[PDB]
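Q: What follows is a structure written as structure tokens; I'll ask about it next.
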Amino acid sequence: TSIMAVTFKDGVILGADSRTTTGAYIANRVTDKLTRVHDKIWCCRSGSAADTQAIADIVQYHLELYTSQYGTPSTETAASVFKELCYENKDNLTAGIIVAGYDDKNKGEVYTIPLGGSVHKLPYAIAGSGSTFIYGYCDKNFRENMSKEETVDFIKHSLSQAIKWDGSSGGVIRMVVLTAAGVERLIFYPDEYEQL
Amino acid sequence: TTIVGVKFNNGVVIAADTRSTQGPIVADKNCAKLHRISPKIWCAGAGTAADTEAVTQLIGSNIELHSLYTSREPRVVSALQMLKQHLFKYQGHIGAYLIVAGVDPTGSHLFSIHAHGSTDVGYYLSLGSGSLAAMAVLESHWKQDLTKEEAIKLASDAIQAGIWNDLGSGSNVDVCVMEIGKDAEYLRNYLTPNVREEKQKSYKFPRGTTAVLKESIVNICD
Amino acid sequence: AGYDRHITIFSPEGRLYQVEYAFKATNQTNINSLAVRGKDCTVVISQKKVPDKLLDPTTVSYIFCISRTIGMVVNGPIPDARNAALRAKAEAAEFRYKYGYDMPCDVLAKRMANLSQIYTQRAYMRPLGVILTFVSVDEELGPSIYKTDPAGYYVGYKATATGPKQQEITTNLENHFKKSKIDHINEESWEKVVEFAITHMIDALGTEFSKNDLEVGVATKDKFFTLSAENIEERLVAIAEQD
Amino acid sequence: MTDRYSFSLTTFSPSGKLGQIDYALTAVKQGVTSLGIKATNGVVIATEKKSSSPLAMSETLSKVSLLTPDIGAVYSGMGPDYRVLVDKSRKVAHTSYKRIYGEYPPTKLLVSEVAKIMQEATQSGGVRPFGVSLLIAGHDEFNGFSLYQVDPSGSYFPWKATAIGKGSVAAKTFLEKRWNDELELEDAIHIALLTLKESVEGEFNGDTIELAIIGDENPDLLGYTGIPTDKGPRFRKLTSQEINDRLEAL
Amino acid sequence: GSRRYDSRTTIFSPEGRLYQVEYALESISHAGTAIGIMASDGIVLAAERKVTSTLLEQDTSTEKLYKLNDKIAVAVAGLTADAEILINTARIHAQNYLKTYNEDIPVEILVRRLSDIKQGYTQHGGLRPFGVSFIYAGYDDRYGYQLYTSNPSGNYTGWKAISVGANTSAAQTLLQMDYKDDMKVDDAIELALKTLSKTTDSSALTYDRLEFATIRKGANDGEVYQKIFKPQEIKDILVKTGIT
Amino acid sequence: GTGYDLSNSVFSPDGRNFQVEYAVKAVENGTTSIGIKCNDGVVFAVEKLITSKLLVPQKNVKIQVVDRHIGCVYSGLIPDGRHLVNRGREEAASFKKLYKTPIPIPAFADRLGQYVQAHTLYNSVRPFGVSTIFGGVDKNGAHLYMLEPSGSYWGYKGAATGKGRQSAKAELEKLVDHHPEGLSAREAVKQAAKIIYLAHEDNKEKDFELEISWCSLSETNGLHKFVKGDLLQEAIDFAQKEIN
Amino acid sequence: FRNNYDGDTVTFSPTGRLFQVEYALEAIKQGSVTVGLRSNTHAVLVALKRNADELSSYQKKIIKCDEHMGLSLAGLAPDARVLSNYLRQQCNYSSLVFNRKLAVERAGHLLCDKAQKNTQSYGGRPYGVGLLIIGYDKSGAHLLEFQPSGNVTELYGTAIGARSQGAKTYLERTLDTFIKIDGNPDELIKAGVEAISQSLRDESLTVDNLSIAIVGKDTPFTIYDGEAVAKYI
Amino acid sequence: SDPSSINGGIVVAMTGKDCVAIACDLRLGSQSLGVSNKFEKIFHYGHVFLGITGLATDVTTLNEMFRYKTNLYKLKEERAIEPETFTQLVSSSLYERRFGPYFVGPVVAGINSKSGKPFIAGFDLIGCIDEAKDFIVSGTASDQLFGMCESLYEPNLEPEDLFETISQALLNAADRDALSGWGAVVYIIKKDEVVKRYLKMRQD
Ligand SMILES: *[C@@H](CS(C)(=O)=O)[C@H](Cc1ccc(CN)cc1)NC(=O)[C@H](CC(C)C)NC(=O)[C@H](CC(C)C)NC(=O)[C@H](Cc1ccccc1)N=[N+]=[N-]
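Chains as they are written, first to last, in PDB author numbering: chain N, 1 to 196; chain H, 1 to 222; chain G, 1 to 243; chain A, 1 to 250; chain B, 1 to 244; chain F, 1 to 244; chain E, 1 to 233; chain I, 1 to 204.
Put into structure tokens, the structure is as follows:
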């Protein structure tokens, strides 16, 4: 698994591979790891598929009930609900979740939640088994307030290297763009990103 | 076990083998692995057979009650959500690996559920001990926009691959076709390529071969 | 013996007085509301009355956004209205989590009516003195109006009205559908369906409205929303350029 | 908070009468007339759809409900009390039977389960009895066709033909004249429409009348093909058109 | 609070009586008459059906005579729904005993347990008592043929011949007049039919208004057999006894 | 008949809850308290009836803080008001624990509203004998609310409850008409002092103490703070000047 | 009127009164008189103990809650035991968990909230005792008056019980005098003895009749009885 | 260690022409030590027969449980239970103890009273239904029984011929198992009559 979320000039873009493995076998090569919890709040899932799917479903339930009573929640609020489930059930969960959402006032925000259940607000975050191989690359190539074109290229080049070295990662590169304009789905095929 | 699921242009088809085993010993040579959750939502089981049977019947019972409460046709997403939340609750101890398919007012669906609660969505799926043999055929012959007849042929070829190449699978091929506009057709023993040849000798014993000590008539009527 | 009118037990006549008095509490607000179905939309109009000058008009509301798709207008006291609103929102979120799809308008109506039935049978829970009208564009049934009462009774409507002057609005709508022969308002845009509902509100009640006198809720495909004072003002200008 | 009504709300009076049951039966008598007739090859249950408003859609309110694919029910009295009993009857058919024996309960046992729920509403603390009487019609392999009447007390008795509600006294007398042990299903439906006409004041058509039958298996209503043992539900609700066709031969 | 509406079902009267028990017995005194008679070679259970119509299905009907065990049966007088609650628990207790000891439950133990449940609603709970009176007909290898009766108070007694329900005073006088210790079952069947026919509030005693059951140890078997009489079997015995 | 006013959850023939209306009488008997919504905050003020010279001045604080941005003031049964604030403090802490952000004022208003409404549903509980004026600054502007014993609450430009609510509401209505652009936080503190002094004529027999609190975006950083020292005396002098 | 609405505490009257609370307040006026008063350094409780017979003991009125806090009772003694025991636990909780001496103001808030819970729920009765809590915390000396209604008020001086108005009128007049008695415990006690004597009518305060307690700047809460109060008579 | 190998024993069921047969051994043991030669493993409730293998304490318990349940069934339904219905009853009862199972291998045999159709069914310890048309085997010599039945069995055997088939399948399978044998009993079940026969076999 190789997942990342990067904030930029117009908002935030989430990126992920499509490989879920049971050992050396690829059970699904077209997996969608970019999960919606709210209209303009999305998450990246890593670790146990059963754990991350159950957590994301509970958060989506909480934010829907939040919207019915108090209106549109903030990205920090959505990260807090994720954190509350991850921290309180830390002994039984294996979940690495990056929360990324767009606000009109706060622009783009990224919150990473590692295994322990802590919250970390960052300009960009990388997680998963394949992220270890791109720590050096992402730190040297990341700039703040990049354009949509630049950010897509940054994530596309980073995840391509993460897929190249990590066996647990592979398939297609999926992207979700979060701006004031709306929500955009992007997909990049092996024949494109492998030769970057 | 070997079970598959293939989506076509106007619906979804699921297929299975008919071999039930107790370790290396075949218990049932012709068992039904294609179960029914609701009239138009069918399920294929893999792993612990008692777990797959009971989890299908429990959700199937609750789906029927939900259908009568809402006055609506059962949805595949409902069966999927109720199965995954039940399986996640037991931390994977209920060893039920299922391929769930069906048609509803929203369209045709195909999902796969694992014992721990994780779910997947695709156009072609396979589970069981012959999952890899079946997937190999699916990855070689699958194309987008298949016809009903092409989907049945592809799913049947995938099960055959599991029958011939996997030891945990054999005997017959069971198929269930679910089209959007029509009733679901369950094809029990769609193919029978494993008929046991006529025995070389009849082993009918002559009457009086077995030694008997005592004989009595059992009372059944109260 | 005379406590049959105090708790929810049967009277010698086979009646339940506490349920009957709960019906009488629904008209305490002196507010009239109507619901109509369009070609692909559902609209609710409700009277907005702000007597005290010290009140914030933006906080005075009897129309609630239950979910993304479902909206609810209430006839009765506001404390009992918000009690039913919070519960309906909780039931809507739970249904989606458990069954994977958005709760239909008629299903939520049945659920709230079943809860009202419990207060009719069990002694310790008093009935809520409110009438709830649920509106949405269902993904299977289309435009829908479903109304629940303190008795636990619920049914679907082509169009409905609730309040002290309910009968005047009801007969006004009845006569229109006898004339049009159809069970809905044959109009493409929701704006004109809102215009229809306001026009027939004026004709039945015999009273003119300003932008602050009305409260409008519109339900469309995959969304329910409420109109602002300026959105109603635009709707009131259009009906004025006809009479 | 907390239910402090732990005592019975229905108690024995000096005369030996259970007041709340008697008053619940009074509420049934005020309700719209519903009837049931058992034929040789089926059972029919019918009622009037008393529309509270012409703006209200009568289709969205079903007074006749399916309990199991072979068992149906109709009522007279309080609508809301019936709806919750149907939900409980459908669930108890699964929890107390189907999840144990892999098959649907026989008519007599499901009726016995419904009667138990209604009995508890008479004795348990802080509740009133159900203000409804039910007519449950069904079929099972070993008993054939049967019809039962369940009262607010929880008492149930089998019927060849009966009616409950407003003009139940006048309807039962008419049913006694027309019923015989050689009636076919179509004959029973014909008598049902004749008996219900006397109770109906206003319009008498397929839109104002609700009728359902327990007869032959319906393979077209099963939803699937392949299993020979599964032949479809015996419960079938007649459409507005199916009623109107039989009203012309009245 | 809720104290206002409390009827207080479990309180003593100034005379030392239990209001709800007394009123529940008053309720049963209007229900159909049930008679049990013990003979030397068996027990006879007879019951009169309260309220009958022409369209009432009798073949599938069972309101007063219930089977608890293969050796024990009951006659019901009072609320039919309240009876079935107690009848179900009695069937469970009988099976619990059989699972524990691998023997059929002695008649008295089953009667006492049901009577203790009836007693419970008399002392605690704040709930109304069961408006039901039972007549227990049963057999065990200790006392042989046994006939018991239990009422809402939770009190049970043994009998040679007993009647519960309507017109008990009239029925008990008729039974005490014609009963002898050396009676046969066929004589006891006749006595039960004669006593009911004389205490009937209706015009004539017909088969469609009767429920009949006998518990006999068949001489050509050696085991106890229960026989709940069918509508035709009641119709036959009604003619033979001289009632027609 | 009668007796509909004895139990809490009971509806009267005219669809009224008398026990709730009886709780309103306890509020009307209580001390007068007000709330003024200004251009970027809210100002709370309360009368403090000095019973005797033995009462230590500036000690018996009536106005209470919920979280760090909400201020609460109530009229009637003081212990009932404290119970409601305790619930609100738990309710605010529960919101912040799960959602990180401090609870919005309209969100907090419903939480108290649902809790007070709950005490009108059962006969085992008594309705609150307090009308609570509360509010503060959140994500989008300032809010002012007044909660009734029935559970009913609304948003207010100016709120008043207690002994001299009529005199206060009259003075609050004068401000809304003369200031359509919006009163300032500095002016609202001075004006709140005047309204309390003018509404004190309904209780002019006893001497009183003035207590003011405010929560403004520019003045107190959106945090609830008590008016103390020079600003308090400045407000007292402004009121004592315009009382004559 | 009153008879229909005084059955339980859960019921309001048409005028908006709670009669079961008001009846509980009547239990205080039946009880023996006790006086509380303070300065800027010390706080004193002077309590008149009541005997049943001349052979009976004079029942104790003052209870120690902590080394810096205590209270005097008027009304039902077992109700005072429950409330003082609760206050003992709250003072103990603050010292064990926070290493902090519980504020006298906060102690009054806790007694207010506990008494309130008995006035809103069915089945419960209001406490039938009035309490006068004295204490020396980080903000100096304090005196509080507790009422069964839940109302707690901070005061310079006060008296509760039978004929307590006589002592209360005295303290309201002597206000400017006893507030300045700083650094002298003996003069503050004598001011309380002069206060409690204003409520006397039946007898004169004797040796085994008088009960005095004091807490202050360098004085832990100590109760004086019998021989120790002889120099104040 | 294995609760299915402490006591030993085997059960086999076979279908014929309008008839079913169920057979079991009589051995009750404690590891290597033989305890009893009278422990019958086949029970009946009405016309439905049930053979149970595995842990003997559970064999006795389940028999007492199903006697308990079929008796209450007969009182409510007013009829005897059918083999198909009883099969589902066993299945649901065993799964009720999913995470604390009875260490058993139940076998249902009988003929439907209404249709006259022969019926046999098998279960694992947690209630999975094995519904075969030919034969059902269970016990410590299940592998031996599978080999015997697969070879000797032929469809539509007459009651007299089916007896010879099931008896020889049981006897030769038990002789290859150390924990099985010590006498045997065969039931021949027909629509009208049921014959019980004790077999003469090795006692080692
Ligand atoms: C194929 C699954 S696989 C693991 O990929 O080979 C079949 C699936 C199947 C599904 C539904 C039906 C219809 N009822 C039949 C078959 N699975 C099996 O054959 C399993 C394989 C296991 C997981 C190794 N076998 C069984 O379930 C058998 C059932 C027989 C008696 C019909 N039972 C078992 O093996 C039990 C496992 C177990 C052991 C201890 C505790 C709980 C369970 N053992 N036994 N007996």
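C-beta atoms are modelled at their ideal positions from N, C-alpha and C, and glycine is treated no differently.
State yes or no: is the C-beta of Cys41 of chain G within less than 8 Å of the C-beta of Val216 of chain G?
A: Contact: no.
Q: Compare the C-beta of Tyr23 of chain A against all C-beta atoms of chain G and say whether one is closer than 8 Å.
A: So, interface residue.
Q: DSSP on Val10 of chain F, reduced to helix/strand/coil?
A: Residue state, collapsed to three classes: coil.
Q: By a C-beta neighbour count over all protein chains shown, 10 Å radius and 16 as the cutoff for buried, is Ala25 of chain G buried or exposed?
A: Buried: at least 16 other Cβ atoms inside 10 Å.
Q: From the beta carbon of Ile66 of chain G, is the nearest beta carbon of chain N less than 8 Å away?
A: Yes, contact with chain N.
Q: Chain H beta carbons: is any one of them nearer than 8 Å to that of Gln53 of chain N?
A: Closer than 8 Å to some Cβ of chain H, the Cβ of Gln53 of chain N qualifies, so yes.
Q: In angstroms, rounded to a whole number, what distance separates the CA positions of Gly140 of chain E and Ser33 of chain F?
A: Computed Cα separation, rounded: 31 Å.
Q: Sorted by chain position, which residues of the same chain lie with C-beta nearer than 6 Å to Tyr197 of chain F's C-beta, five sequence neighbours on each side aside?
A: Closer than 6 Å at the Cβ level, and outside the excluded window around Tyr197 of chain F, lie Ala239 and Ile243.
Q: Suppose the cutoff is 8 Å on Cβ atoms and the five residues either side in sequence are ignored; what does the same chain contact list for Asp213 of chain G look like?
A: Around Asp213 of chain G: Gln47, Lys48 and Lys49.
Q: Is it a yes or a no for the segment 44 to 62 of chain H touching the segment 162 to 178 of chain I, going by three-plus beta-carbon pairs under 8 Å?
A: No, the segment 44 to 62 of chain H is not in contact with the segment 162 to 178 of chain I.
Q: Using a Cβ-Cβ cut-off of less than 9 Å, give me the residues of the segment 172 to 193 of chain G that come near chain A, in sequence order.
A: The residues in question are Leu173, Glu174, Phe177, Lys178 and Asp183.
Q: Are the beta-carbon atoms belonging to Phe11 of chain F and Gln18 of chain G less than 8 Å from one another?
A: Yes, they are a contact pair.
Q: Can you tell me the Cα-Cα spacing of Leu211 of chain A and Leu185 of chain A, whole angstroms?
A: Cα-Cα distance, rounded: 13 Å.
Q: What number of angstroms, rounded off, separates the C-alpha of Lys110 of chain G from the C-alpha of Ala88 of chain G?
A: Looking at the two C-alpha atoms, the distance is approximately 11 Å.
Q: Measuring only the C-alpha atoms, how far is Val26 of chain H from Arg19 of chain H?
A: Spanning the two alpha carbons is a distance of roughly 7 Å.
Q: Which of the three DSSP states, helix, strand or coil, is assigned to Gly147 of chain I?
A: Correct three-state label for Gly147 of chain I: helix.
Q: So that I know if they touch, is there some Cβ in chain G lying closer than 8 Å to that of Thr195 of chain A?
A: Chain G contact via Cβ: absent.
Q: From the beta carbon of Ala118 of chain F, is the nearest beta carbon of chain N less than 8 Å away?
A: No, its Cβ sits nowhere closer than 8 Å to a Cβ of chain N.
Q: Are the C-beta of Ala121 of chain I and some C-beta of chain H separated by less than 8 Å?
A: No, no contact with chain H.
Q: Using only alpha-carbon positions, find the residue among G:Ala238, G:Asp243, G:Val218 and G:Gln242 that is nearest to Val44 of chain G.
A: Nearest option by C-alpha distance: G:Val218.
Q: Going by beta-carbon coordinates alone, are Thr53 of chain I and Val104 of chain I separated by less than 8 Å?
A: In this structure, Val104 of chain I lies closer than 8 Å to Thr53 of chain I by Cβ.
Q: Answer with yes or no whether the minimum CB distance from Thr11 of chain A to chain B is below 8 Å.
A: So, interface residue.
Q: With 8 Å set as the bound, which would you pick, yes or no: does the beta-carbon of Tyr70 of chain N sit closer than that to a beta-carbon of chain F?
A: Yes, contact with chain F.
Q: Would you check whether ligand 1 has a heavy atom nearer than 7 Å to the C-beta of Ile129 of chain I?
A: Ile129 of chain I: yes, Cβ under 7 Å from ligand 1.
Q: Please confirm whether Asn156 of chain I has its beta-carbon closer than 8 Å to some beta-carbon of chain B.
A: Answer no: the Cβ-Cβ gap between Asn156 of chain I and chain B never drops below 8 Å.
Q: With burial defined as no fewer than 16 other Cβ atoms inside 10 Å of the residue's Cβ, what is the status of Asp124 of chain I: buried or exposed?
A: Answer is buried; the Cβ neighbour count reaches 16.
Q: How many angstroms separate the CA atom of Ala56 of chain A from the CA atom of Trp190 of chain G?
A: Answer to the nearest angstrom: the Cα atoms are 22 Å apart.
Q: From what residue to what residue does the beta strand (DSSP E) around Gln149 of chain A run?
A: Start and end: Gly144 to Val150.
Q: What runs of the beta strand (DSSP E), each 3 residues or longer, lie entirely inside the segment 139 to 201 of chain A?
A: DSSP runs (the beta strand (DSSP E)) wholly in the segment 139 to 201 of chain A: 144 to 150, 156 to 158 and 161 to 164.
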